[PDB]
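Colleague: The following block contains the structure, expressed as structure tokens.
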Amino acid sequence: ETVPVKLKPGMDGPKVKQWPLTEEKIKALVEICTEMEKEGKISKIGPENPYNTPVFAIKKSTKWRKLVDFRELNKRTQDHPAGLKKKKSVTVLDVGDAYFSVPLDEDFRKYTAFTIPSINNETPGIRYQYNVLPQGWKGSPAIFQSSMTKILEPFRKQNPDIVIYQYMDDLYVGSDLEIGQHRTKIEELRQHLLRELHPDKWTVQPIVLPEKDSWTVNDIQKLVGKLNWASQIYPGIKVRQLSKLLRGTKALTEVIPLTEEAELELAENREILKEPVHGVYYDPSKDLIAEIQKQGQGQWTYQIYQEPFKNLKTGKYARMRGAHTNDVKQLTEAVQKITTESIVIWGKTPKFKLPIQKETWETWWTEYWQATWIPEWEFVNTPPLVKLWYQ
Amino acid sequence: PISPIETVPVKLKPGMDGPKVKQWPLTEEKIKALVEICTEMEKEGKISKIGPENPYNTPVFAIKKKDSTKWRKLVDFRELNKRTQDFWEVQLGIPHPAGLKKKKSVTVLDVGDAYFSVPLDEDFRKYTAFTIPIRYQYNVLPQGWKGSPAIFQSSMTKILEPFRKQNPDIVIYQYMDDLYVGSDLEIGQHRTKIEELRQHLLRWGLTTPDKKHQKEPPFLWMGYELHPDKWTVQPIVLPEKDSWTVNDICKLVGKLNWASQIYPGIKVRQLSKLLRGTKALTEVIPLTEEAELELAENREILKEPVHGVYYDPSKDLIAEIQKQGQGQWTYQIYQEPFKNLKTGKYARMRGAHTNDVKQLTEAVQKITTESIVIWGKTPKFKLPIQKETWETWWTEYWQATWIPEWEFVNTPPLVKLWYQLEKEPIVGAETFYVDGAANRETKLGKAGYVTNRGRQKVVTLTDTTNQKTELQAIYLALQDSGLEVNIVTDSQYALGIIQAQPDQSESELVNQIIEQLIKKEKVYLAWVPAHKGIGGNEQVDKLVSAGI
DNA sequence: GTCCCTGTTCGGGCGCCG
DNA sequence: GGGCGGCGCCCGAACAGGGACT
Ligand SMILES: *P(=O)(O)OC[C@@H]1O[C@H](n2cc(F)c(N)nc2=O)CS1
Ligand SMILES: [Mg+2]
Ligand SMILES: [Mg+2]
């Protein structure tokens, strides 16, 4: 028995062209789709359905998992434990398979259309639509919510300390237990469901000022610029005295000794950079912006904010590697880590401002995706100034 | 006959009606061809005579085909097309012969009168009405209706599905109604399977006329001649005109881009630049010297004989890239060293300012996705860029960039960064504090500098902008400094441009700047916030502000 | 806000296939 | 002569976004 769903008023369904898949992905998709259609989960369709949503596959194991980029459909589809961010360990189970049991509103099926492509365009694309709740669709956890609650009732009663949160395809299970009997409890929950993260170790990456025993006109000029920008975030920051050292037209390399006033100003600003940002409240009605900066040498900084300079969180991803490093792979790993953190903290995924060319990103990011969700993103060709401020 | 495939339901767009357009006059030859076609189609039930019960009508004509006496019957369904619902096109791309694997036995077939063998949704037939100077309606797919390509391609896929499921190891390239059929069978068993396929297709209402049943090589297919172990493109004929119009140039460049898929070294930058800000196709553009030279070189290239090979999946895919000038690149994709699978050109200009490493990166990207389409895998690269060049660039560039498995190749022009900003300021070198200001109302500006050695200069400018004046200040410092110089700007605009290390700009001023930067031994560019009283910057700001 | 500049999309023309 | 769909290419005309200015 199905549940009717509409789109948002004034909106049509997704019309997103499929991107080129590799042979291994098309093969995995064809085999998976054959099985899915044998089981009545999907049906073949043709050109008279005007909608489309790209599909691909990820190898998490020698089994592939189909992944549908429902970002658009999700935007267009009709419309949280604050203690989960504190569990000693949190495990992430894929429970999307559940959704293949609930039927899908017939009038809605046309919006879940997708196309399997062909190597070298041997054939036209071969199109399908869904007859059950699709994985990767906002509506699937929503409609399955009641059955999920009934399924998880006795496990939560028998484990009142454990926090079980759901985000779209995944169960985030959080405990303060030692990671060994924790794994025991997770296998209890997986056996029960026939019917590894550590948020207490996440930390803020603060702004840091250079420690020097000799300062040049260049050093002080760079400091004043950094502090000027930082003051937009910490209004307590003061530059008047350091800037006073710069009067005149001096050679960049000239050594300038700090006065007493400027040394105290720098110590005060040093302390002010430790205090937490004042006046930053999470707005559920707004998106989460996540900016990433590539700092070089496998170092990445990021900020999660909703209004400019109101950072909900700042952090870094530091995969220390030089010999053979893949900026794109690292960047998609960073994106997945940041998204995981945001899902855990706020239950939303961020919109990413990615420091990459759109084409490079779109060429390679599917080679490294490992998550069942996909965040919004845009591509910035953004400046080296903010890059310098977060290093 | 008519295919017993179930029809595909098609609606008009929300709240619309069928076409009500009056016919136009037709020639005697066109009317005779139309009437012969129409009585023959009426016998077969592909068109049904209609009377007063049909309000709608839309125009009809015919054109000569590539076969001699056969006329193609066409309808101007532009109005119906407007009113007809949207489809998802299922033809995602064009098959390419470099993507074919060697087969023991090959056949090429065409389906005759293909659209006219697939039934049209009964409800929709009435909107397809037309007269002949006799009133008919379409019972099959018409030519010129926007739904016909996709409906036919999908219906053909459905029609072939049982033969493909029964013969998974026979490869059938299915472009619209054209089939290429490859098998690892000895020629006799293959021919039997082909008779099986033709009987299968005919069972589904598709006839394969023997006149278009190619049994021996070479096969004519998709613009190519397929030989047993090599393929070629059917000949290309560039016009040999003297007065070139925008249409003439569009044709020339389209044929050249088509040729570039197997002819190495094709360049169309100069012929393409020749089209900027055009009025109409009929305008006569005069060939600039550089376009004349480039067209000559292209002609020479095309005089050579060339071929591609077929894909061997048990080997590596290799792509080698060479740089030509002006942001142009060609590439050869091969598996064995002198046997190109195919070739190509990348020449797209991304960005006001760029350099050869960015351009190379985006050529690598374009080639990578093109390879994923044709062969389903990424190729291994051979690039004229030293691993150290790349390492430097990836180190110091603020954006995530990456090139897949590659190997340096020593064929010039090697790709290099043409200058290198200092990471630290230069001791002893003169320090220029630069600024510009522009008056938004008058568009007068000043650019200039002070220096720690006491020099100061202001250049006035007319018809300028703030960004232009910031650049002119940097350019003025480069002009008046020596081989080593520190420069302090308050302009993150100019800083971002110059840190990016461009070797080419569409801005003449940025190019002059670039030339200066290439001439210098050491250059350090530093940034400071404007209007905060910072020492050197304050005096320049006071100098260039005087006019504003 | 406005002006300037930069990047992206999308629709026009041609080529090629059918 | 002209109708259609696909893909390629290039260009210009809309936008969007961000920095600088009054
Ligand atoms: P195919 O049917 O094998 O014909 C060869 C080329 O096709 C061109 N053609 C085909 C077609 F289906 C439509 N609608 N237009 C068109 O020009 C003519 S020669
Ligand atoms: Mg203060
Ligand atoms: Mg300025």
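Colleague: Can you work out D for the stretch B:54-98 in µm² s⁻¹ from Stokes-Einstein, where Rh is the Kirkwood radius over C-alpha pairs, the temperature is 25 °C and the viscosity is 0.890 mPa s?
Modeller: Numbers: Rh = 14.2 Å.
Using the Kirkwood radius from Cα pairs, D works out to 173 µm²/s.
Colleague: So how much slack lies between A:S214 and A:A267, counting 0.36 nm per residue of separation and subtracting their Cα-Cα distance, in nm?
Modeller: Values: separation 53, 0.36 × 53 = 19.08 nm, distance 1.54 nm.
Stretched fully, the A:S214-A:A267 segment lengthens by 17.5 nm.
Colleague: List every residue whose amide H lies under 5 Å from the amide H of B:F432, counting only residues 5 or more places away in sequence or on a different chain, with H placed 1.01 Å from N in the peptide plane.
Modeller: B:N486, B:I487, B:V488
Colleague: Holding the Cα-Cα limit at 30 Å, pick out from A:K358/B:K377; A:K86/A:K351; B:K46/B:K101; A:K63/B:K382; A:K212/A:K337; B:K146/B:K358 the pairs that are longer than that.
Modeller: Violating the 30 Å Cα-Cα cut-off are B:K46/B:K101; A:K63/B:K382; A:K212/A:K337; B:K146/B:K358.
Colleague: Ordered by packing density, taken as the mean number of other Cβ atoms within 10 Å over each peptide's residues, highest first, how do B:466-477, A:134-145, A:314-325 rank? Write down the numbers at each step before the final one.
Modeller: Details: B:466-477: 24.0, A:134-145: 20.6, A:314-325: 13.0.
Order by mean packing, descending: B:466-477, A:134-145, A:314-325.
Colleague: When every alpha-carbon pair in chain B is counted, what percent end up more than 35 Å apart? Show your work: numbers first, answer last.
Modeller: Numbers: 86240 of 149878 pairs.
Percent of Cα pairs beyond 35 Å in chain B: 58.
Colleague: Report, for chain A, the % of DSSP beta bridges that are antiparallel, rounded to 5.
Modeller: Values: 41 of 49 bridges.
Antiparallel bridges: around 85 percent, rounded to the nearest 5.
Colleague: What are the semi-axes of the equivalent ellipsoid for the stretch B:312-418, taken as the square roots of 5 times the Cα gyration tensor eigenvalues, largest first, in whole Å? Before the final figure, lay out each step's value.
Modeller: Working: eigenvalues 105, 40, 39 Å².
Computed over the stretch B:312-418, the values are 23, 14, 14 Å.
Colleague: In nm, to one decimal, how far is the B:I518 label point from the A:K60 one, both placed 7 Å along Cα→Cβ?
Modeller: Placing both labels 7 Å beyond Cα along the Cβ direction yields 5.4 nm.
Colleague: Which peptide among A:238-249, A:151-162 comes first, and what is the full order, when sorted by highest mean count of other Cβ atoms within 10 Å?
Modeller: On the way: A:238-249: 18.4, A:151-162: 13.2.
Descending mean neighbour count gives A:238-249, A:151-162.
Colleague: Residue by residue through the stretch B:438-444, what is 3J(HN,Hα) from phi via Karplus (6.51 cos²θ - 1.76 cosθ + 1.60, θ = phi - 60°)? Round to whole Hz and write x for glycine and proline.
Modeller: My calculation for the stretch B:438-444 gives 10, 8, 4, 7, 7, 6, 8 Hz in order.
Colleague: How large is the translational diffusion coefficient of the stretch B:70-219 in µm² per second when you combine the Kirkwood radius over alpha carbon pairs with Stokes-Einstein at 20 °C and 1.002 mPa s?
Modeller: Rounded to a whole number, D works out at 125 µm²/s.
Colleague: Subtract the Cα-Cα distance of B:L444 and B:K377 from 0.36 nm times their separation in residues, and report this length gain in nm to one decimal.
Modeller: 18.5 nm
Colleague: Still on this structure, please answer the following. Quantify how much of the Cα-Cα distance distribution of the protein assembly as shown extends past 52 Å, in percent.
Modeller: Values: 143045 of 440391 pairs.
Looking at the protein assembly as shown, the distances longer than 52 Å represent 32 percent of pairs.
Colleague: What is the set of long-range amide H partners of B:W231 at a cut-off below 5 Å, with H atoms built 1.01 Å from backbone N?
Modeller: Those qualifying (amide H under 5 Å, at least 5 residues apart or on another chain) are B:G308, B:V309.
Colleague: Right, here's the next one. Students often get this wrong: which residues of the stretch B:165-208 have the backbone nitrogen under 13 Å from the point 7 angstrom along Cα-to-C-beta of B:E44?
Modeller: B:202, B:205-208
Colleague: Let me ask something else about it. For a quick size check, give me the Cα extents of the stretch A:197-282 along its three principal axes, largest first, whole Å.
Modeller: Principal extents (largest minus smallest coordinate, Cα): 51, 25, 20 Å.
Colleague: Follow-up. Report, in cubic angstrom per residue, the convex hull volume of the C-alpha atoms of the stretch A:1-62. Don't jump to the answer; show the numbers that get you there.
Modeller: Values: hull volume 10.2 nm³, N = 62.
Considering the Cα atoms of the stretch A:1-62, their hull volume per residue is 164 Å³.
Colleague: Turning to a different aspect of this structure: How much length is gained if the chain between B:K532 and B:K251 is pulled fully straight, taking 0.36 nm per residue apart and subtracting their Cα-Cα distance, in nm to one decimal?
Modeller: Details: separation 281, 0.36 × 281 = 101.16 nm, distance 5.75 nm.
Additional length available on full extension: 95.4 nm.
Colleague: If you consider only alpha-carbon coordinates, what radius of gyration and Dmax does the stretch B:218-311 have, in Å?
Modeller: Using the Cα atoms of the stretch B:218-311, the pair Rg, Dmax is 15.1, 48 Å.
Colleague: Can you pull the one-decimal nm distance between simple spin-label points at A:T2 and A:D287, each 7 Å off the Cα toward Cβ?
Modeller: Taking the simple label geometry, A:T2 and A:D287 are separated by 3.0 nm.
Colleague: Can you give the translational diffusion coefficient of chain A in µm²/s, computed by Stokes-Einstein from the Kirkwood radius over Cα pairs at 37 °C and 0.692 mPa s? Working shown, then result.
Modeller: Working: Rh = 24.1 Å.
Result for D is 136 µm²/s.
Colleague: Kindly state, to the nearest 0.05, the FRET efficiency for A:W202 paired with A:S146, given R0 = 35 Å and r defined as their beta-carbon distance.
Modeller: Numbers: r = 32 Å, r/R0 = 0.92.
Calculated transfer efficiency: 0.60.
Colleague: What shape does the stretch B:419-544 have by the C-alpha gyration tensor, where a ≥ b ≥ c are the square roots of the eigenvalues, rounded means a/c under 1.5, and otherwise prolate means a/b greater than b/c and oblate the rest? Write out the running numbers ahead of the final one.
Modeller: Working: a/c = 1.67, a/b = 1.17, b/c = 1.43.
Since a/c reaches 1.5 but b/c is at least a/b, the shape of the stretch B:419-544 is classed as oblate.
Colleague: A further question on this structure: Quick one: which of B:265-277, B:427-439, B:525-537 comes out on top by average Cβ neighbours within 10 Å, and what's the full order, highest first? Before the final figure, lay out the partial values.
Modeller: On the way: B:265-277: 17.6, B:427-439: 23.5, B:525-537: 20.2.
Final packing ranking: B:427-439, B:525-537, B:265-277.
Colleague: To continue, here is another question. Other chains near A:51-57: what is the mean number of their Cβ atoms within 10 Å of each residue's Cβ?
Modeller: Rounded to a whole number, the mean comes out at 1.
Colleague: For peptide A:379-385, what's the mean number of Cβ atoms from other chains within 10 Å of each residue's Cβ?
Modeller: On the way: counts 1, 1, 5, 3, 7, 10, 7.
That average works out to 5.
Colleague: Residue by residue through A:14-23, how many Cβ atoms from other chains fall within 10 Å of the Cβ on average? Provide the component values of the computation, followed by the final result.
Modeller: Details: counts 0, 2, 0, 3, 2, 4, 10, 3, 7, 5.
If you average over the peptide's residues, the count of other-chain Cβ atoms is 4.
Colleague: Taking only DSSP H segments of four or more residues, each worth -39500 (n - 2.57), what value at 222 nm results for the protein assembly as shown once the sum is divided by all its residues, to the nearest 500 deg cm²/dmol? List each step's numbers first, then the result.
Modeller: On the way: 24 runs with 293 residues, N = 939.
Mean residue ellipticity, 222 nm, calculated: -9500 deg cm²/dmol.
Colleague: Once the Cβ-Cβ distance between A:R183 and A:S101 is put in as r, and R0 is 22 Å, what FRET efficiency do you end up with, to the nearest 0.05? If you can, show how the numbers build up before the last one.
Modeller: Details: r = 27 Å, r/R0 = 1.24.
Efficiency, rounded to the nearest 0.05: 0.20.
Colleague: Using only the Cα atoms of the stretch A:283-389, each taken as one equal point scatterer with no solvent, compute I(q) by the Debye sum, divide by I(0), and report log10 of the ratio at q = 0.18, 0.24 Å⁻¹.
Modeller: Here the Debye-derived log intensity ratios amount to -0.88, -1.56.
Colleague: May I ask you to derive the FRET efficiency for B:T411 and B:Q85 from their Cβ-Cβ distance with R0 = 41 Å, giving the value to the nearest 0.05?
Modeller: On the way: r = 54 Å, r/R0 = 1.31.
The pair B:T411/B:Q85 has a calculated efficiency of 0.15.
Colleague: OK, next. State, to one decimal in nm, how far the label point of B:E240 lies from the label point of B:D169, with both points 7 Å from Cα in the Cβ direction.
Modeller: 5.2
Colleague: Compute the Cα gyration tensor for the stretch B:362-462, then decide on rounded, prolate or oblate, letting a ≥ b ≥ c be the square roots of its eigenvalues: rounded whenever a/c is under 1.5, prolate when a/b is larger than b/c in the other cases, and oblate in all that remain.
Modeller: Numbers: a/c = 3.85, a/b = 2.11, b/c = 1.83.
Judged from the Cα gyration tensor, the stretch B:362-462 comes out prolate (a/c at least 1.5, a/b above b/c).
When we count neighbours, we look across all protein chains shown, and the Cβ atoms used for this are built from the backbone with ideal geometry, even at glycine. No value in this document is a laboratory result; all are computed from the given coordinates.
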